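Novice: File model05.cif follows (mmCIF, C-alpha atoms):
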data_data
loop_
_atom_site.label_atom_id
_atom_site.label_comp_id
_atom_site.auth_asym_id
_atom_site.auth_seq_id
_atom_site.Cartn_x
_atom_site.Cartn_y
_atom_site.Cartn_z
CA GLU A 70 43.88 39.80 14.03
CA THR A 71 43.33 39.03 11.28
CA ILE A 72 39.58 38.77 11.57
CA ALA A 73 39.41 38.79 7.76
CA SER A 74 41.69 35.75 7.69
CA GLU A 75 39.55 34.05 10.34
CA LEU A 76 36.38 34.90 8.54
CA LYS A 77 37.68 33.52 5.22
CA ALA A 78 38.73 30.30 6.99
CA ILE A 79 35.50 29.91 8.95
CA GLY A 80 33.81 30.24 5.52
CA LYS A 81 35.89 27.50 3.97
CA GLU A 82 35.05 25.23 6.95
CA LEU A 83 31.34 25.54 6.52
CA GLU A 84 31.56 25.50 2.74
CA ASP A 85 33.23 22.09 3.16
CA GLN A 86 30.48 20.94 5.57
CA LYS A 87 27.99 21.93 2.94
CA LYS A 88 29.84 19.72 0.44
CA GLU A 89 29.93 16.81 2.87
CA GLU A 90 26.24 17.09 3.63
CA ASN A 91 25.51 17.59 -0.08
CA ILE A 92 26.97 14.11 -0.65
CA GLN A 93 25.49 12.45 2.43
CA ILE A 94 22.12 13.89 1.44
CA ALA A 95 22.53 12.72 -2.17
CA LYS A 96 22.98 9.13 -0.98
CA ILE A 97 19.87 9.18 1.27
CA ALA A 98 17.62 9.98 -1.74
CA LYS A 99 19.52 7.25 -3.52
CA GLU A 100 18.74 4.73 -0.78
CA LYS A 101 15.18 6.08 -0.67
CA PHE A 102 14.57 7.34 2.92
CA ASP A 103 14.58 11.07 2.07
CA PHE A 104 11.05 11.68 3.44
CA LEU A 105 11.72 15.41 3.60
CA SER A 106 11.61 15.42 -0.19
CA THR A 107 7.83 15.10 -0.12
CA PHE A 108 7.00 16.22 3.45
CA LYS A 109 4.26 18.83 3.73
CA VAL A 110 3.05 20.04 7.08
CA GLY A 111 -0.47 20.49 5.77
CA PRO A 112 -2.70 18.99 3.08
CA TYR A 113 -2.21 21.46 0.12
CA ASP A 114 1.12 23.08 1.05
CA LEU A 115 3.53 24.00 -1.75
CA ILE A 116 7.01 22.44 -1.53
CA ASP A 117 10.11 24.36 -2.65
CA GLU A 118 13.21 22.28 -3.35
CA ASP A 119 15.57 24.95 -2.01
CA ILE A 120 13.70 25.43 1.22
CA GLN A 121 13.51 21.66 1.66
CA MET A 122 17.23 21.32 0.94
CA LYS A 123 18.03 23.59 3.83
CA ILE A 124 15.65 21.58 6.07
CA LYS A 125 17.17 18.23 4.99
CA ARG A 126 20.60 19.76 5.70
CA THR A 127 19.88 20.47 9.31
CA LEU A 128 17.53 17.57 10.08
CA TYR A 129 19.58 14.79 8.38
CA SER A 130 22.78 16.28 9.83
CA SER A 131 21.54 16.37 13.42
CA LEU A 132 20.41 12.80 12.94
CA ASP A 133 23.86 11.78 11.74
CA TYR A 134 22.36 10.79 8.42
CA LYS A 135 21.32 7.50 10.11
CA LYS A 136 18.31 5.85 8.38
CA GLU A 137 16.85 4.43 11.57
CA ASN A 138 16.71 7.91 13.14
CA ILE A 139 15.48 9.63 10.02
CA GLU A 140 12.64 7.06 9.84
CA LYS A 141 11.92 7.68 13.49
CA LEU A 142 11.72 11.46 12.87
CA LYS A 143 9.32 10.85 10.01
CA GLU A 144 7.02 8.86 12.32
CA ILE A 145 7.06 11.60 15.00
CA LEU A 146 6.16 14.28 12.49
CA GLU A 147 3.48 12.02 10.97
CA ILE A 148 1.90 11.43 14.37
CA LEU A 149 1.68 15.17 15.19
CA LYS A 150 0.39 16.06 11.70
CA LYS A 151 -2.85 14.21 12.54
CA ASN A 152 -4.05 17.12 14.66
CA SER A 153 -4.23 20.56 13.01
CA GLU A 154 -3.48 21.96 16.48
CA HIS A 155 0.15 20.71 16.03
CA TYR A 156 0.67 22.33 12.64
CA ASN A 157 2.24 25.44 14.17
CA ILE A 158 4.75 23.81 16.51
CA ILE A 159 5.85 21.48 13.69
CA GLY A 160 6.49 24.48 11.47
CA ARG A 161 8.59 26.09 14.17
CA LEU A 162 10.88 23.03 14.06
CA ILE A 163 10.78 22.53 10.29
CA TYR A 164 10.85 26.12 9.14
CA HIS A 165 11.69 28.72 11.76
CA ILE A 166 14.52 26.58 13.08
CA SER A 167 15.65 23.95 10.59
CA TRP A 168 15.35 26.21 7.53
CA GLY A 169 15.93 29.38 9.56
CA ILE A 170 19.36 28.17 10.58
CA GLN A 171 20.51 27.38 7.05
CA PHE A 172 19.09 30.68 5.84
CA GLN A 173 21.30 32.62 8.35
CA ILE A 174 24.26 30.47 7.40
CA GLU A 175 23.73 31.33 3.71
CA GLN A 176 23.62 35.04 4.34
CA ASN A 177 26.81 34.68 6.45
CA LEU A 178 28.49 32.68 3.68
CA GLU A 179 27.46 35.44 1.27
CA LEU A 180 28.91 38.34 3.27
CA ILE A 181 32.20 36.45 3.06
CA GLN A 182 31.89 35.58 -0.62
CA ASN A 183 31.14 39.28 -1.21
CA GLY A 184 34.45 40.27 0.33
CA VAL A 185 35.38 40.57 3.98
CA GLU A 186 37.36 43.69 3.04
CA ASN A 187 34.07 45.41 2.15
CA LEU A 188 33.14 45.06 5.81
CA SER A 189 33.70 47.52 8.64
CA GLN A 190 35.93 46.20 11.45
CA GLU A 191 32.85 46.13 13.71
CA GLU A 192 30.84 44.43 10.93
CA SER A 193 33.47 41.74 10.64
CA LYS A 194 33.28 41.33 14.40
CA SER A 195 29.49 40.76 14.36
CA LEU A 196 29.68 38.44 11.40
CA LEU A 197 32.23 36.26 13.16
CA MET A 198 30.30 36.09 16.41
CA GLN A 199 27.02 35.64 14.54
CA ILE A 200 28.45 32.65 12.68
CA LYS A 201 29.61 31.14 15.93
CA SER A 202 26.08 31.52 17.40
CA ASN A 203 24.67 29.67 14.41
CA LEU A 204 27.19 26.89 14.87
CA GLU A 205 26.16 26.70 18.54
CA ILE A 206 22.46 26.59 17.67
CA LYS A 207 23.06 23.59 15.35
CA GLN A 208 24.48 21.84 18.35
CA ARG A 209 21.63 22.84 20.68
CA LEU A 210 19.31 21.40 18.04
CA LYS A 211 21.30 18.22 17.67
CA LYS A 212 21.02 17.73 21.46
CA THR A 213 17.27 18.35 21.36
CA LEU A 214 16.65 15.89 18.53
CA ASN A 215 18.58 13.36 20.60
CA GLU A 216 16.01 13.87 23.45
CA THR A 217 13.07 14.03 21.02
CA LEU A 218 14.24 10.60 19.93
CA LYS A 219 14.78 9.20 23.41
CA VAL A 220 11.22 10.23 24.29
CA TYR A 221 9.77 8.69 21.15
CA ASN A 222 11.74 5.45 21.62
CA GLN A 223 10.55 5.13 25.23
CA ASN A 224 6.94 5.69 24.14
CA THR A 225 7.23 3.12 21.40
CA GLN A 226 8.62 0.71 24.02
CA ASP A 227 5.78 1.32 26.45
CA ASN A 228 3.24 0.77 23.66
CA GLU A 229 4.93 -2.52 22.79
CA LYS A 230 4.81 -3.68 26.42
CA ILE A 231 1.16 -2.70 26.77
CA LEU A 232 0.10 -4.24 23.47
CA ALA A 233 1.93 -7.50 24.08
CA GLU A 234 0.41 -7.93 27.56
CA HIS A 235 -3.09 -7.24 26.18
CA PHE A 236 -2.60 -9.94 23.55
CA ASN A 237 -1.22 -12.42 26.14
CA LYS A 238 -4.44 -11.95 28.02
CA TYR A 239 -7.35 -11.96 25.60
CA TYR A 240 -5.67 -14.13 22.99
CA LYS A 241 -4.29 -17.21 24.80
CA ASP A 242 -7.31 -19.08 23.50
CA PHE A 243 -11.02 -18.96 22.90
CA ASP A 244 -11.70 -19.27 26.61
CA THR A 245 -9.72 -16.02 27.30
CA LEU A 246 -11.97 -13.82 25.12
CA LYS A 247 -14.96 -11.47 25.52
CA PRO A 248 -17.98 -12.89 27.38
CA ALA A 249 -21.36 -11.44 26.31
CA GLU B 70 -36.90 -34.17 13.52
CA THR B 71 -37.35 -31.38 13.68
CA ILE B 72 -34.00 -30.04 14.80
CA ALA B 73 -33.45 -30.74 11.12
CA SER B 74 -35.61 -27.71 10.26
CA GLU B 75 -33.61 -25.67 12.83
CA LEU B 76 -30.15 -26.80 11.54
CA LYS B 77 -31.07 -26.20 7.91
CA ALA B 78 -31.93 -22.55 8.72
CA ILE B 79 -28.96 -21.96 11.00
CA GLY B 80 -26.96 -23.18 7.97
CA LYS B 81 -28.43 -20.95 5.27
CA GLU B 82 -27.76 -18.41 8.00
CA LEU B 83 -23.99 -18.69 8.25
CA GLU B 84 -23.86 -19.51 4.52
CA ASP B 85 -25.25 -16.01 4.06
CA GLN B 86 -22.54 -14.42 6.27
CA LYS B 87 -20.24 -16.06 3.78
CA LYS B 88 -21.59 -14.52 0.57
CA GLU B 89 -21.82 -11.08 2.16
CA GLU B 90 -18.29 -11.26 3.50
CA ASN B 91 -17.10 -12.70 0.18
CA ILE B 92 -18.24 -9.45 -1.45
CA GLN B 93 -17.09 -7.10 1.31
CA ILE B 94 -13.71 -8.84 1.22
CA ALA B 95 -13.56 -8.62 -2.59
CA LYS B 96 -13.88 -4.83 -2.48
CA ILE B 97 -11.10 -4.48 0.10
CA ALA B 98 -8.99 -6.43 -2.40
CA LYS B 99 -8.84 -3.77 -5.18
CA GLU B 100 -9.12 -0.88 -2.65
CA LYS B 101 -5.65 -2.28 -1.74
CA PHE B 102 -5.89 -2.28 2.09
CA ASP B 103 -5.97 -6.07 2.39
CA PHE B 104 -2.69 -6.64 4.28
CA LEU B 105 -3.67 -10.17 5.26
CA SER B 106 -3.05 -10.98 1.60
CA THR B 107 0.71 -10.61 2.12
CA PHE B 108 0.94 -10.97 5.88
CA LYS B 109 3.48 -13.50 7.22
CA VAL B 110 3.98 -13.91 10.95
CA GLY B 111 7.61 -14.78 10.32
CA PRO B 112 10.27 -14.07 7.71
CA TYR B 113 10.03 -17.20 5.40
CA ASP B 114 6.50 -18.43 6.21
CA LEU B 115 4.44 -19.96 3.40
CA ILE B 116 1.07 -18.30 2.71
CA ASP B 117 -1.97 -20.35 1.66
CA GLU B 118 -4.80 -18.43 0.02
CA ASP B 119 -7.49 -20.60 1.61
CA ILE B 120 -6.11 -20.30 5.10
CA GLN B 121 -5.74 -16.55 4.62
CA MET B 122 -9.29 -16.29 3.30
CA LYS B 123 -10.62 -17.73 6.51
CA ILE B 124 -8.44 -15.29 8.50
CA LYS B 125 -9.58 -12.28 6.43
CA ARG B 126 -13.17 -13.48 6.97
CA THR B 127 -12.99 -13.27 10.72
CA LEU B 128 -10.53 -10.39 11.04
CA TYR B 129 -12.14 -8.06 8.47
CA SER B 130 -15.61 -9.04 9.74
CA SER B 131 -14.89 -8.23 13.38
CA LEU B 132 -13.74 -4.89 12.00
CA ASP B 133 -16.98 -4.33 10.06
CA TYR B 134 -14.69 -4.10 6.98
CA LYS B 135 -13.67 -0.60 8.15
CA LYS B 136 -10.51 0.31 6.15
CA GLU B 137 -9.16 2.39 9.04
CA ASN B 138 -9.52 -0.27 11.73
CA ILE B 139 -7.98 -2.77 9.36
CA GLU B 140 -4.98 -0.42 8.98
CA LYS B 141 -4.82 -0.09 12.74
CA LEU B 142 -4.79 -3.90 13.13
CA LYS B 143 -1.98 -4.13 10.60
CA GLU B 144 0.11 -1.67 12.66
CA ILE B 145 -0.49 -3.62 15.91
CA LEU B 146 0.58 -6.89 14.32
CA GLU B 147 3.58 -5.17 12.71
CA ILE B 148 4.71 -3.76 16.06
CA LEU B 149 4.56 -7.17 17.82
CA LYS B 150 6.27 -8.97 14.90
CA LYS B 151 9.47 -7.05 15.73
CA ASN B 152 10.11 -9.33 18.72
CA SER B 153 10.35 -13.05 17.95
CA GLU B 154 8.94 -13.75 21.41
CA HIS B 155 5.59 -12.47 20.15
CA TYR B 156 5.42 -14.86 17.21
CA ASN B 157 3.46 -17.43 19.19
CA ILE B 158 0.77 -15.19 20.68
CA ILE B 159 0.21 -13.60 17.24
CA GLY B 160 -0.32 -17.04 15.75
CA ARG B 161 -2.86 -17.86 18.42
CA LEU B 162 -4.91 -14.85 17.24
CA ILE B 163 -4.27 -15.31 13.51
CA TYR B 164 -4.43 -19.07 13.27
CA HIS B 165 -5.80 -20.92 16.27
CA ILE B 166 -8.62 -18.41 16.63
CA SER B 167 -9.22 -16.45 13.43
CA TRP B 168 -8.66 -19.41 11.08
CA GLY B 169 -9.72 -21.96 13.71
CA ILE B 170 -13.17 -20.41 13.90
CA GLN B 171 -13.77 -20.49 10.15
CA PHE B 172 -12.44 -24.03 9.99
CA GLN B 173 -15.09 -25.22 12.55
CA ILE B 174 -17.66 -23.22 10.61
CA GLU B 175 -16.78 -25.05 7.42
CA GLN B 176 -17.01 -28.49 8.95
CA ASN B 177 -20.42 -27.51 10.41
CA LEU B 178 -21.57 -26.21 7.03
CA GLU B 179 -20.41 -29.51 5.53
CA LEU B 180 -22.32 -31.77 7.94
CA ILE B 181 -25.42 -29.89 6.79
CA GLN B 182 -24.55 -29.98 3.09
CA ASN B 183 -23.98 -33.72 3.54
CA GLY B 184 -27.53 -34.20 4.77
CA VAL B 185 -28.96 -33.55 8.21
CA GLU B 186 -31.00 -36.73 7.76
CA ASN B 187 -27.75 -38.74 7.81
CA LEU B 188 -27.29 -37.51 11.37
CA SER B 189 -28.40 -39.17 14.60
CA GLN B 190 -30.61 -37.26 17.07
CA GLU B 191 -27.61 -36.92 19.41
CA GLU B 192 -25.42 -35.75 16.58
CA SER B 193 -28.11 -33.35 15.33
CA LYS B 194 -28.33 -31.65 18.76
CA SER B 195 -24.58 -31.26 19.25
CA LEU B 196 -24.23 -29.83 15.77
CA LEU B 197 -26.84 -27.19 16.51
CA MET B 198 -25.34 -26.19 19.84
CA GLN B 199 -21.82 -26.36 18.40
CA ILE B 200 -22.81 -23.95 15.62
CA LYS B 201 -24.27 -21.58 18.16
CA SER B 202 -21.00 -21.63 20.16
CA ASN B 203 -19.10 -20.71 17.01
CA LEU B 204 -21.52 -17.88 16.33
CA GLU B 205 -21.16 -16.84 19.96
CA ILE B 206 -17.33 -16.85 19.79
CA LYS B 207 -17.41 -14.91 16.48
CA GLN B 208 -18.92 -12.11 18.70
CA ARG B 209 -16.46 -12.51 21.59
CA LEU B 210 -13.74 -11.92 19.02
CA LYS B 211 -15.45 -8.90 17.54
CA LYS B 212 -15.85 -7.32 21.00
CA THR B 213 -12.25 -8.22 21.97
CA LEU B 214 -10.65 -6.71 18.85
CA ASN B 215 -12.60 -3.51 19.56
CA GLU B 216 -11.05 -3.37 23.01
CA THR B 217 -7.72 -4.01 21.28
CA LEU B 218 -8.25 -1.10 18.93
CA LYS B 219 -9.05 0.99 22.02
CA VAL B 220 -5.82 -0.07 23.62
CA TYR B 221 -3.89 0.90 20.51
CA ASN B 222 -5.91 4.11 20.04
CA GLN B 223 -5.32 5.13 23.66
CA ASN B 224 -1.57 4.49 23.27
CA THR B 225 -1.43 6.48 20.08
CA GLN B 226 -3.22 9.30 21.95
CA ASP B 227 -0.80 9.25 24.86
CA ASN B 228 2.15 9.34 22.45
CA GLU B 229 0.62 12.35 20.71
CA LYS B 230 0.15 14.18 24.02
CA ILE B 231 3.70 13.40 25.13
CA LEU B 232 5.28 14.32 21.80
CA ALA B 233 3.37 17.58 21.47
CA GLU B 234 4.13 18.63 24.99
CA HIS B 235 7.86 17.95 24.29
CA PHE B 236 7.61 19.87 21.01
CA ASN B 237 5.97 22.90 22.57
CA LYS B 238 8.59 22.89 25.31
CA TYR B 239 11.66 22.68 23.06
CA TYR B 240 10.70 23.86 19.55
CA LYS B 241 8.95 27.02 20.40
CA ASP B 242 12.14 28.92 19.43
CA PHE B 243 15.96 28.91 19.31
CA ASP B 244 16.06 29.90 22.97
CA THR B 245 13.94 26.88 24.01
CA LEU B 246 16.46 24.38 22.64
CA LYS B 247 18.55 22.41 25.04
CA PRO B 248 21.90 23.84 26.06
CA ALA B 249 24.87 23.04 23.78
CA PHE B 250 26.67 21.66 26.81
#
If you took the structure in this file and wrote it as structure tokens, what would it be?
Specialist:
Amino acid sequence: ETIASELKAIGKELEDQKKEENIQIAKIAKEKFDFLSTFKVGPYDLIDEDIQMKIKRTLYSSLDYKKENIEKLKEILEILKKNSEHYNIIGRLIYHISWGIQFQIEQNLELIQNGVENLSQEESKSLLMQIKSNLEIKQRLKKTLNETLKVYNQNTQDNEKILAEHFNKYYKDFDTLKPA
Amino acid sequence: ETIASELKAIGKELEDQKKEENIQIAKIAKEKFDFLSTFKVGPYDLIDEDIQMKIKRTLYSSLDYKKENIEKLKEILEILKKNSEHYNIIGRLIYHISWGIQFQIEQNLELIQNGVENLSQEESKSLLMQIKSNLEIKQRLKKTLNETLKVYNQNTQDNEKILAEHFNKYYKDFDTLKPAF
């Protein structure tokens, strides 16, 4: 092909990405909006730095490292955390998906670091396609977080409208209050 | 007389509300959920401790000094502060009403501390009825804020429902995600 030349290149591409995000992520904990650093889905959950790293990677990346959107994500997660019934679905986003993706990427990166020559032709073929599926997932996710955010923003907007009109109704003066 | 006897008692009355709230408010001060202590309606607004005291009095009172409802009020005010257009209507609640009420209360308390005997019969009557209107309003406000907390609570609820539903739809798995294109 060479598939082993492709593979090695596709591995340098994502090992660069990793270095870019490593920096971008470093700055966010510098500027102090790295909520994921402390984030636990439940009360007494243990937090592993390496598992969180992976999660930051995908979540901060999809959000384009923007502070406004990372704050907005934090608020969404915080809202859902209130009800133990939402613990599971949050984990699916935070772990199964956000960590899960980085985990697959790391195994892929490893198979390449181990030597593409030590791979059967058909193994090299799966690795390549597998990598590409992971890259595609990242994008699917990015497009879903975009919607997640457009839904949250709308909601926030509606709440503002409602709240403001309630104030400009019962709060014009004393006369506009609650008769007993 | 003897509206004098009435006034005097309606005064030790609201002077009691003051010592109780003074304590209740004091607690909230070290329990560090007293946002009114640092709350400005606008960017570079000056904060007077005495004017804030009055506001805490009515605001924290109407919220039976419940730490949670006080947090909820803080969030409502914070949300509206974002748009400059809402500066006025916030002030009407915070100042004209919340401070305004305590201010009238203090003048009333003073007329009594000054001596009810130094008051005409006409004056004595108006004072009494005026006090009662203040004590009436103090309730209107309490009941209104509660409705306000309901409006906020409802909204919060709706947002939870919407968000969860969205989450369950898209985050169930990799396959539930939106298309890449």
Novice: Which residues come within 12 Å of residue A:160, counting only C-alpha atoms, excluding same-chain residues fewer than 4 positions away, as a list in words?
Specialist: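 Here the answer would be residues 108, 109, 110, 111, 114, 124, 146, 149, 150, 153, 154, 155, 156, 164, 165, 166, 167, 168 and 169 of chain A; 236, 237, 240, 241 and 242 of chain B.
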Novice: Kindly determine which residues of chain B lie within 7 Å of chain A, considering only C-alpha atoms, and give the answer as a VMD selection string.
Specialist: chain B and resid 148 to 149 158 161 to 162 166 209 to 210 212 to 213 224 228 to 229 233 236 to 237 240 to 243 246 to 249
Novice: Quick one: everything within 12 Å of residue A:71, counting only C-alpha atoms, minus sequence neighbours fewer than 5 positions away in the same chain. Send it as a list in words.
Specialist: residues 76, 77, 78, 185, 186, 190, 193, 194 and 197 of chain A
Novice: Give me the residues within 12 Å of residue B:98 as a PyMOL selection string, counting all atoms listed in the file and dropping any in the same chain fewer than 3 places off.
Specialist: chain B and resi 91-95+101-107+122+125+129+134+136
Novice: Distance atom CA of residue B:203-atom CA of residue B:115, one decimal place?
Specialist: 27.2 Å
Novice: Would you mind reading off the distance between atom CA of residue B:124 and atom CA of residue B:183, one decimal, in Å?
Specialist: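 Those two atoms sit 24.6 Å apart.
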Novice: For the structure shown, which residues end up in the PyMOL selection byres ((chain A and resi 79-92) around 12)? Put them as a VMD selection string, please?
Specialist: chain A and resid 72 to 78 93 to 99 122 to 134 171 174 to 185 196 to 201 203 to 204
Novice: Give me, please, the distance in Å between atom CA of residue B:76 and atom CA of residue B:90, quoted to one decimal.
Specialist: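 Spanning atom CA of residue B:76 to atom CA of residue B:90 is a straight-line distance of 21.1 Å.
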Novice: At a cut-off of 12 Å, using all atoms listed in the file, what residues contact residue B:175? Leave out same-chain residues fewer than 3 positions from it and give the result as a PyMOL selection string.
Specialist: chain B and resi 80+83-84+87+119-120+123+168-172+178-183+200+203
Novice: Let me have the centre and edge lengths in Å, one decimal, of the box along x, y and z around every listed atom of stretch 117-122 of chain B with 3 Å of margin on each side, as AutoDock Vina command-line options.
Specialist:
--center_x -5.6 --center_y -18.4 --center_z 2.6 --size_x 13.3 --size_y 10.3 --size_z 11.1
Novice: Identify which of the residues B:85, B:197, B:202, B:227 lies closest to residue B:185, counting only C-alpha atoms when measuring atom-to-atom distances.
Specialist: B:197
Novice: Measuring atom to atom with all atoms listed in the file, identify which of B:226, B:215, B:173, B:208 is nearest to residue B:135.
Specialist: B:215
